[PDB]
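The structure under discussion appears below in the form of structure tokens.
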Amino acid sequence: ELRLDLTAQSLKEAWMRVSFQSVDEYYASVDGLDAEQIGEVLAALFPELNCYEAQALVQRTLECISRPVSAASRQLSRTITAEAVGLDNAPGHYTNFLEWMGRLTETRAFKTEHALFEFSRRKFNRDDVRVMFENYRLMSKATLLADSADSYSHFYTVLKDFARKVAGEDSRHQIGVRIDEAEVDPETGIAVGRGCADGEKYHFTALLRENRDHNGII
Amino acid sequence: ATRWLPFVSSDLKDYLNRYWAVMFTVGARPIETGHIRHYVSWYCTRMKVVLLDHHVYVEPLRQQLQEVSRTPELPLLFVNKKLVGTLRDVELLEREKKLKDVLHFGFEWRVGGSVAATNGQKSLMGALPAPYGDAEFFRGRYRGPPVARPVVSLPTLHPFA
Amino acid sequence: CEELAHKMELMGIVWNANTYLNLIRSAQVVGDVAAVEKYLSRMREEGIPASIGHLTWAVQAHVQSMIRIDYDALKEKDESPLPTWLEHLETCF
Amino acid sequence: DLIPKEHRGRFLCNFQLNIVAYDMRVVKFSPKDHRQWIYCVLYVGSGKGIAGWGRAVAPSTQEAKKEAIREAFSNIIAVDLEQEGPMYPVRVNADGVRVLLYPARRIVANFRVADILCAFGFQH
Amino acid sequence: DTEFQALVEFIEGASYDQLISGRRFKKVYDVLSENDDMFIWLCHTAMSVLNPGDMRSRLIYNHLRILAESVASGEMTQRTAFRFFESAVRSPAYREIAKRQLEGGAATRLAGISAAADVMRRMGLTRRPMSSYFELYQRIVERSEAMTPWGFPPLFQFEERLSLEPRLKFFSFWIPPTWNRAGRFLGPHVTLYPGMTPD
Amino acid sequence: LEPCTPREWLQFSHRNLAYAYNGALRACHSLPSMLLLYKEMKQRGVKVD
Amino acid sequence: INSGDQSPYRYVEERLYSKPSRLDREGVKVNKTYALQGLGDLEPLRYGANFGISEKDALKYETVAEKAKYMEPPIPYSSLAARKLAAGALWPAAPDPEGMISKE
Amino acid sequence: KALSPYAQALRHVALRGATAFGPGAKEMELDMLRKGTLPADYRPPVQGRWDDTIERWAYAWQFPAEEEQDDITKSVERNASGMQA
Amino acid sequence: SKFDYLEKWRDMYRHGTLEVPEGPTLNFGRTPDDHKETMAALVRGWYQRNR
Amino acid sequence: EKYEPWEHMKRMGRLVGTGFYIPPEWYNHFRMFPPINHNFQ
Amino acid sequence: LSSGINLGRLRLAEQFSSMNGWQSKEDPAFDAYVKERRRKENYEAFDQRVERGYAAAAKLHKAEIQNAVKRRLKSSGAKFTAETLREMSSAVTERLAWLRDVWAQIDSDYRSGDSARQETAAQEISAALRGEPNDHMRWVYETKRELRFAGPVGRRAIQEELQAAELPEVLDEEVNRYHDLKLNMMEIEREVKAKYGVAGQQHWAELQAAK
């Protein structure tokens with residue numbers, strides 16, 4: 001994916017070095033270059049590159065004029081299937097819709113409204129509520145009026161961290177065990193730990209050292 | 001208006017056209033028929049069970065069943081003239097909660113994704129497309145609750161259940 | 001009649017000289033020269049040309065408008081309808 | 001808010017009300033508590049074609065009347081007063097109560113039904 | 001936004017009380033979930049499965065469009081709208097059209113739903129300027145009416161009675177009074193429904 | 001969030017904050033946006049993983 | 001939940017499925033028994049807003065036959081109904097078969 | 001009102017003022033999207049092929065049906081020489 | 001049609017054949033004093049047409 | 001049968017015909033595009 | 001019976017039944033129809049936010065016209081007939097076209113690029129979305145009542161002054177509806193206390209003491 005994206009960007013910059021879209025051209029989805037042109041230039045400059053990879057480079061270069069990464073459609077293809085959407089013998093229409101839907105899903109309004117949906121579905125905890133309260137508190141009145149114009153900005157400024165939480169396995173924090181820093185005497189390299197039991201009856205402090213030899217005793 | 005007559009036909013298609021949900025079985029597989037009966041009766045749908053052991057036209061009906069299901073498996077269920085399959089497929093549909101609809105309305109949800117695997121209410125957390133992918137290269141990604149697992153098999157309560 | 005024409009539009013049976021003629025006649029029977037002129041303007045802004053029948057029924061809308069004006073409410077103001085009659089005859093000729 | 005939303009900005013006539021009956025009714029909430037609510041049935045009429053009848057239960061007379069009026073406006077109906085009444089006999093049977101409505105040149109019903117006919121506007 | 005005000009009140013109250021309470025979550029959830037989006041999406045999903053060429057389909061399309069516009073503007077109430085909708089859906093012509101559609105390999109249903117989302121945005125039938133598109137994503141990726149073969153949710157109120165009888169054994173929708181021992185709280189005043197257990 | 005009470009001090013840790021900052025970086029959509037977050041990571045004592 | 005002199009299962013049963021619980025949910029002032037607040041998508045679809053049929057209104061009919069006569073049809077669909085459909089909760093999952101094993 | 005197309009166009013240009021001849025709403029949305037300054041309020045004009053498809057559907061619900069294309073009796077009527085023979 | 005005339009004028013403006021002021025000259029409905037602004041914007045055209 | 005959409009249309013027709021009720025837009029729109037009838041086919 | 005009409009609609013049925021025959025280059029007739037539709041759209045179409053504001057304003061104006069006609073009927077005791085319905089609809093359509101041109105001005109300003117013009121368009125769009133009614137309409141109502149109550153030379157002066165302005169047709173009922181509704185006291189006290197401060201508080205204290 002990185003190879004294809006960077007090659008597409010290199011070709012786009014080459015075209016701009018060498019050289020606005022109208023409504024008719026936008027509807028026709030005709031970019032500054034043609035698929036045949038991209039294929040010929042790629043075949044000329046890259047001999048060993050295979051036919052399938054050349055077709056992939058053509059597709060990616062054509063699509064990077066609209067969206068650089070556009071990795072949402074590839075993933076959404078697995079969630080939504082042609083038969084499910086009733087579009088089985090129309091692969092072109094299926095892919096067109098998948099691109100449309102992924103590029104719409106990537107939008108800020110879509111994330112805000114998904115976060116609102118999950119909040120309505122009650123998948124937040126007191127920590128999330130506190131974070132939302134801090135965001136709202138730091139948000140000011142003039143900023144609130146400014147964001148009310150967009151009508152999604154003020155929602156997003158409050159739900160931004162919860163927007164991360166709802167996107168679970170790709171962007172969710174994992175609160176792991178606490179990892180502190182070592183505390184050992186530099187001269188003698190001894191670490192001191194504590195232990196208790198029975199409240200006030202049993203109390204021990206253990207001094208731990210690294211036995212440079214393999215003869216360690218307690 | 002006419003005397004009662006039990007229905008018989010040498011064609012599987014007659015059974016499919018006549019009965020909504022029809023299961024073909026034998027007397028040598030009582031447990032599978034009992035399980036499919038349990039599921040269908042739980043979902044309260046009229047169902048006809050036909051025993052092929054004494055049914056006349058046994059060989060015609062058997063070969064027709066085998067060619068339509070692409071397997072010799074006598075306990076077979078049919079809804080809307082389609083094949084839902086044997087007890088294993090019925091159990092699968094019960095697992096992912098598509099059996100209610102395949103019985104009542106006669107269609108399997110093709111939405112993709114499982115509804116059985118849920119921690120609470122059903123929502124879309126983790127469904128949105130991930131930019132650039134790389135759901136695996138966030139080693140400190142949220143991993144979920146600490147699922148527990150058994151140590152030994154805890155012998156099965158009954159050889160059937 | 002108006003809603004039948006609107007249903008033609010919404011069902012995709014686009015309007016025609018005959019449809020506009022029907023609308024003009026419907027407006028004329030009550031004497032709505034305003035609606036008749038609006039219908040003629042709609043025809044003109046569309047591609048269809050208005051015809052001598054449409055002009056005839058515009059003149060008929062004018063005669064009905066002359067008939068329909070409220071002479072009691074005009075008398076209570078003490079206003080002669082002669083200027084209105086002359087306006088109508090001027091536009092028709 | 002007494003008129004439902006679907007009928008809010010549409011009535012061009014002033015309605016006038018009267019109550020068919022008030023009553024005392026006991027309502028059970030739990031086997032250990034029975035409350036004593038009030039039941040009211042009433043109807044509203046405009047005297048020019050639009051009228052309706054509602055009924056409700058509430059712990060108070062005013063609350064019951066409010067709910068009954070809301071139901072009456074929900075179940076409001078209409079007639080045609082070109083002739084100020086019917087033009088043929090209408091015989092209906094609403095599960096035991098058999099009612100005849102016929103044309104005339106006056107009101108030929110008892111006072112209770114004459115009030116309803118006035119609510120509707122049926123003088124003939 | 002009123003729903004923004006509700007969210008603000010909920011967060012304020014939860015942070016004040018140091019707990020998330022049933023009352024306040026109920027208030028915010030109701031404010032969030034009070035909207036006619038469900039019915040308008042129902043109606044437009046039904047409209048989607050139609051064919052833009054058939055004249056009967058055009059009549060049904062315009063009828064359902066008028067229905068959705070009326071409910072959105074609030075002129076007609078939800079119950080009356082559902083009666084109109086269930087009639088227009090149970091019609092035989094609609095079922096013939098949907099059955100014809102589901103047969104082909106390339107059905108215009110997806111385009112129908114997308115155009116429905118765009119129309120909802122433009123006509124202002126939504127709660128926020130871009131809510132219809134998340135609604136569409138949900139209807140596509142989650143079990144809804146957009147994923148059924150007919151375009152309406154899988155209930156027996158939207159099915160044919162003649163189609164209802166031969167499938168499920170239900171009678172021949174209240175608990176008979178003679179059944180004094182049915183359940184802990186089940187009684188004759190508790191209703192039942194053909195294809196669902198709302199409990 | 002800055003730890004104020006001992007209960008939050010029992011949860012604060014730089015290497016663990018690296019997790020939250022990685023998550024925010026992944027959530028971010030633009031390199032210019034991630035630059036401010038990474039500059040703040042470095043300005044803080046957060047351990048870079 | 002806080003359970004006093006009764007099991008939590010029976011306590012939740014009373015506070016979910018019960019005449020006073022339903023009446024309080026519809027908004028009728030009762031004191032001894034209360035419904036469970038703010039259950040999101042978990043409250044029974046029978047008692048969700050815009051579904052079923054109002055018990056505050058149903059109090060108005062003295063008999064079940066009268067209720068059947070005068071009671072208008074229920075709303076077929078709702079937002080909570082859509083959530084239940086999406087979760088697959090319109091019909092309980094089938095329990096293990098008990099009609100083919102003996103009683104232990 | 002009763003404005004002819006000429007006066008209607010003149011009034012249109014009077015109401016706009018040299019912006020009527022500019023790019024247009026869709027073109028400006030496209031330019032904002034490509035430059036990255038598109039408010040979240042706006043529907044992004046993206047995936048032109050699918051957008052055109054759905055718009056074609058929307059206009060398809062109004063598209064008229066061609067009626068009475070050709071009549072053989074009228075054709076026979078029209079050709080004078082054949083009818084004379 | 002209005003749109004045919006308007007497209008031809010678009011082409012003329014693009015070619016520089018005709019000149020249209022930047023911003024609306026006939027303006028109304030937005031402020032109480034707007035016909036005055038329209039007159040102020042049309043003075044030049046009216047005087048040139050008359051003389 | 002009391003709740004049929006045709007009966008609702010008729011009831012609204014009588015309400016609007018009284019002359020003291022303001023019709024909704026959907027009344028005229030449904031007069032143009034009446035409900036879909038199951039009968040006669 | 002398979003006539004020209006029936007055959008035409010039968011032929012139109014299947015191409016749109018499928019998803020194939022009505023695409024970008026399949027049916028030239030449908031392509032021309034869509035081209036004309038888009039040609040009209042690109043000219044008569046506004047920007048999205050201005051469209052939303054226009055929708056809100058049009059809703060308000062529709063409601064106000066309907067309220068005016070309802071006021072006429074309630075006052076005169078007449079009954080709402082089909083003639084009244086048609087007059088209502090025609091007036092609403094006229095007002096919608098007028099304010100459509102008004103928001104054409106607004107959209108052109110919003111798209112001009114000039115910072116001040118875009119600013120003004122932004123505040124007016126925001127006001128329309130928040131639903132605050134215009135001040136131009138208030139001035140229109142005030143001027144209409146003044147014309148109603150003015151003598152003959154004053155009427156001629158104002159009428160010839162405004163005849164070219166193209167102001168919307170306002171019903172006497174709508175003007176009277178605007179004028180009749182009472183004026184709030186809290187806004188008045190706030191405005192006087194803001195414009196005069198301590199003098200405003202002293203005056204309002206005197207007024208309340210009078211109360």
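Labels used: A, B, ... for chains in the order of the structure tokens, numbers from 1 for residues in each chain, and numbers from 1 for ligands as shown.
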Please identify all polymer residues within 12 Å of residue 32 (chain J), counting only C-alpha atoms, omitting same-chain residues fewer than 3 positions from it, and present them as a VMD selection string.
(chain C and resid 1 to 11) or (chain E and resid 59 to 60 62 to 63 66) or (chain J and resid 9 25 to 29 35)
Could you take the residues named above and write them with C-alpha atoms, as an mmCIF file, in the first residue's frame?
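This went into result-v6.cif:
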```cif
data_model
loop_
_atom_site.group_PDB
_atom_site.id
_atom_site.type_symbol
_atom_site.label_atom_id
_atom_site.label_comp_id
_atom_site.auth_asym_id
_atom_site.auth_seq_id
_atom_site.Cartn_x
_atom_site.Cartn_y
_atom_site.Cartn_z
ATOM 1 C CA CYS C 1 -58.209 20.766 -13.553
ATOM 2 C CA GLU C 2 -55.131 22.459 -12.095
ATOM 3 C CA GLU C 3 -54.307 19.416 -9.969
ATOM 4 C CA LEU C 4 -54.761 17.089 -12.944
ATOM 5 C CA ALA C 5 -52.204 19.174 -14.835
ATOM 6 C CA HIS C 6 -49.861 19.038 -11.837
ATOM 7 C CA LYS C 7 -50.294 15.258 -11.748
ATOM 8 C CA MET C 8 -49.353 15.140 -15.429
ATOM 9 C CA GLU C 9 -46.142 16.979 -14.568
ATOM 10 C CA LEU C 10 -45.332 14.749 -11.594
ATOM 11 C CA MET C 11 -46.007 11.612 -13.666
ATOM 12 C CA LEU E 59 -47.866 6.389 -8.406
ATOM 13 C CA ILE E 60 -46.596 4.464 -5.376
ATOM 14 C CA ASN E 62 -45.305 9.809 -5.272
ATOM 15 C CA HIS E 63 -47.741 8.497 -2.657
ATOM 16 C CA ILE E 66 -46.113 12.721 -0.024
ATOM 17 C CA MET J 9 -59.366 10.413 3.476
ATOM 18 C CA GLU J 25 -51.283 19.735 1.948
ATOM 19 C CA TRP J 26 -51.294 15.945 2.186
ATOM 20 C CA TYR J 27 -55.078 15.903 1.755
ATOM 21 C CA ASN J 28 -54.896 17.398 -1.736
ATOM 22 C CA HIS J 29 -51.720 15.472 -2.523
ATOM 23 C CA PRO J 35 -53.837 5.197 -1.534
#
```
Pick out the residues sitting within 9 Å of residue 4 (chain J), and hand them over as a CSV table (one decimal) with C-alpha atoms, in the first residue's frame; count only C-alpha atoms, and ignore anything fewer than 5 positions along from it in its own chain.
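Dumped to out.csv:
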```csv
chain,number,residue,atom,x,y,z
E,83,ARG,CA,-51.7,3.0,8.6
E,84,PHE,CA,-51.1,4.6,5.2
E,87,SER,CA,-51.6,-0.2,3.3
J,9,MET,CA,-59.4,10.4,3.5
```
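One distance worth recording is that between CA of residue 40 (chain J) and CA of residue 91 (chain E), which is 11.6 Å.
Omitting residue 35 (chain I) and its sequence neighbours fewer than 3 positions away, and counting only C-alpha atoms, the residues within 10 Å are residues 25, 26, 27, 28, 29, 31, 32, 38, 39, 40 and 41 of chain I; 161, 162, 163, 164, 165, 166 and 167 of chain K.
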Residue subset to file, keeping N, CA, C and O atoms, as a JSON list (two decimals), in the first residue's frame:
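Below is the file result17.json, written as the result:
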```
[["chain", "number", "residue", "atom", "x", "y", "z"],
["I", 25, "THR", "N", -26.58, 44.56, -8.80],
["I", 25, "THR", "CA", -27.05, 45.93, -8.96],
["I", 25, "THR", "C", -28.49, 46.12, -8.52],
["I", 25, "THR", "O", -28.78, 47.07, -7.79],
["I", 26, "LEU", "N", -29.40, 45.24, -8.94],
["I", 26, "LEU", "CA", -30.79, 45.25, -8.50],
["I", 26, "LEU", "C", -30.84, 44.43, -7.21],
["I", 26, "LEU", "O", -30.82, 43.20, -7.25],
["I", 27, "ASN", "N", -30.90, 45.13, -6.08],
["I", 27, "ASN", "CA", -30.91, 44.50, -4.77],
["I", 27, "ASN", "C", -32.10, 45.01, -3.97],
["I", 27, "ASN", "O", -32.40, 46.21, -4.00],
["I", 28, "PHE", "N", -32.77, 44.10, -3.28],
["I", 28, "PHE", "CA", -33.95, 44.43, -2.50],
["I", 28, "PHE", "C", -34.19, 43.33, -1.48],
["I", 28, "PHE", "O", -33.63, 42.23, -1.59],
["I", 29, "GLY", "N", -35.01, 43.63, -0.48],
["I", 29, "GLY", "CA", -35.46, 42.65, 0.48],
["I", 29, "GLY", "C", -34.55, 42.45, 1.67],
["I", 29, "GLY", "O", -34.97, 41.84, 2.66],
["I", 31, "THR", "N", -32.39, 45.06, 3.17],
["I", 31, "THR", "CA", -32.33, 46.22, 4.04],
["I", 31, "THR", "C", -33.47, 47.19, 3.74],
["I", 31, "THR", "O", -33.97, 47.23, 2.61],
["I", 32, "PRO", "N", -33.90, 47.99, 4.72],
["I", 32, "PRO", "CA", -34.98, 48.95, 4.45],
["I", 32, "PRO", "C", -34.66, 49.94, 3.35],
["I", 32, "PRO", "O", -35.57, 50.37, 2.64],
["I", 38, "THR", "N", -29.77, 50.44, -5.27],
["I", 38, "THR", "CA", -29.95, 50.06, -6.67],
["I", 38, "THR", "C", -29.88, 51.26, -7.60],
["I", 38, "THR", "O", -29.23, 51.18, -8.65],
["I", 39, "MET", "N", -30.53, 52.36, -7.25],
["I", 39, "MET", "CA", -30.44, 53.57, -8.05],
["I", 39, "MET", "C", -29.00, 54.08, -8.12],
["I", 39, "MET", "O", -28.54, 54.48, -9.20],
["I", 40, "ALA", "N", -28.30, 54.07, -6.99],
["I", 40, "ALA", "CA", -26.90, 54.49, -6.99],
["I", 40, "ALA", "C", -26.04, 53.61, -7.89],
["I", 40, "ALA", "O", -25.09, 54.11, -8.50],
["I", 41, "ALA", "N", -26.34, 52.32, -7.97],
["I", 41, "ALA", "CA", -25.61, 51.42, -8.84],
["I", 41, "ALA", "C", -26.00, 51.55, -10.31],
["I", 41, "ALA", "O", -25.19, 51.21, -11.18],
["K", 161, "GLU", "N", -42.41, 56.66, -4.84],
["K", 161, "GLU", "CA", -41.06, 56.40, -4.36],
["K", 161, "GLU", "C", -40.76, 54.90, -4.38],
["K", 161, "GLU", "O", -39.68, 54.49, -4.82],
["K", 162, "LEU", "N", -41.70, 54.08, -3.92],
["K", 162, "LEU", "CA", -41.45, 52.66, -3.70],
["K", 162, "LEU", "C", -41.92, 51.78, -4.86],
["K", 162, "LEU", "O", -41.64, 50.58, -4.86],
["K", 163, "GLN", "N", -42.61, 52.34, -5.85],
["K", 163, "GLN", "CA", -43.19, 51.51, -6.90],
["K", 163, "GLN", "C", -42.13, 50.71, -7.65],
["K", 163, "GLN", "O", -42.41, 49.60, -8.11],
["K", 164, "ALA", "N", -40.92, 51.25, -7.80],
["K", 164, "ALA", "CA", -39.85, 50.55, -8.49],
["K", 164, "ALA", "C", -39.05, 49.63, -7.59],
["K", 164, "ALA", "O", -38.30, 48.79, -8.09],
["K", 165, "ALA", "N", -39.19, 49.76, -6.27],
["K", 165, "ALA", "CA", -38.40, 48.97, -5.33],
["K", 165, "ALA", "C", -38.72, 47.48, -5.38],
["K", 165, "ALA", "O", -37.91, 46.68, -4.90],
["K", 166, "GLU", "N", -39.86, 47.09, -5.93],
["K", 166, "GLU", "CA", -40.24, 45.69, -5.97],
["K", 166, "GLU", "C", -40.35, 45.11, -4.56],
["K", 166, "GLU", "O", -39.66, 44.15, -4.22],
["K", 167, "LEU", "N", -41.21, 45.70, -3.74],
["K", 167, "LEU", "CA", -41.46, 45.11, -2.43],
["K", 167, "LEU", "C", -42.53, 44.03, -2.54],
["K", 167, "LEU", "O", -43.35, 44.06, -3.46]]
```
Check every residue of chain J for an atom within 12 Å of chain G, counting only C-alpha atoms, and provide those that qualify as a VMD selection string.
chain J and resid 1 to 4
